[PDB]
Ligand SMILES: *[C@@H]1O[C@H](CO)[C@@H](O[C@@H]2O[C@H](CO)[C@@H](O)[C@H](O)[C@H]2NC(C)=O)[C@H](O)[C@H]1NC(C)=O
Ligand SMILES: *[C@@H]1O[C@H](CO)[C@@H](O[C@@H]2O[C@H](CO)[C@@H](O)[C@H](O)[C@H]2NC(C)=O)[C@H](O)[C@H]1NC(C)=O
Ligand SMILES: *[C@@H]1O[C@H](CO)[C@@H](O)[C@H](O)[C@H]1NC(C)=O
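Chains as they are written, first to last, in PDB author numbering: chain A, 546 to 595; chain B, 695 to 744.
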């Protein structure tokens, strides 16, 4: 699962079988690191209109 | 069921009778009107291609 984002610590407690996380709009906003079983929030990079 | 438009009200019409109000009700009613929407902007290049 690839993408671009800011990976921060997450307070979402995944169940042990779950790996990725999606919001209402089916975009990956939470993920589990495969090396160390920790949950990371994926905040989209700060795009903006100039 | 077949719907009913309203209760029947046969007005007591005659050529020399009038109905005059002897009292009044100060009635306040609500009218809700939408004015604006959410202002949305889409980066077309990022939406199509990232
Ligand atoms: C004015 O008079 C008419 C008749 O004299 C009244 O009309 C009647 O009202 C009753 C009440 O519902 C009905 O049962 C009758 O069928 C009506 N008759 C007719 C010919 O319409 C009327 O109500 C009176 N108006 C007021 C404000 O008292
Ligand atoms: C006109 O209507 C108003 C109410 O719609 C009447 O005021 C009421 O009068 C009775 C007895 O006089 C009181 O018990 C109520 O408390 C009053 N209501 C309010 C809201 O003040 C008034 O009397 C009527 N006038 C006529 C000439 O019929
Ligand atoms: C995988 O390697 C990491 C590296 O230290 C280790 O902490 C972890 O226990 C290993 N096993 C699993 C199942 O993640």
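Here a beta-carbon is modelled for each residue, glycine too, at the ideal position from N, C-alpha and C.
Environment of residue i [buried if 16+ CB atoms lie within 10 Å]
{"i": "residue 595(A)", "result": "exposed"}
{"i": "residue 551(A)", "result": "exposed"}
{"i": "residue 729(B)", "result": "exposed"}
{"i": "residue 705(B)", "result": "exposed"}
According to DSSP, residues forming a beta bridge with residue i
{"i": "residue 713(B)", "result": "According to DSSP, which records beta bridges pairwise, residue 713(B) is partnered with nothing at all."}
{"i": "residue 607(A)", "result": "Here chain A covers residues 546 to 595 and nothing more, so residue 607(A) does not appear."}
Span of the alpha helix (DSSP H), counted from its first residue to its last, around residue i
{"i": "residue 720(B)", "result": "Unbroken run through residue 720(B): none, as it is neither H nor E."}
Residue range of the unbroken beta strand (DSSP E) whose run includes residue i
{"i": "residue 739(B)", "result": "It is not in any beta strand (DSSP E) - residue 739(B) instead sits in the alpha helix (DSSP H) that spans 738-743."}
{"i": "residue 573(A)", "result": "573-577"}
Where residue i falls: helix, strand or coil (DSSP)
{"i": "residue 700(B)", "result": "coil"}
{"i": "residue 562(A)", "result": "coil"}
> Counting Cβ pairs, one atom from each stretch, are 3 or more of them under 8 Å apart for the stretch 578-592 of chain A and the stretch 555-566 of chain A?
Replying inline: yes
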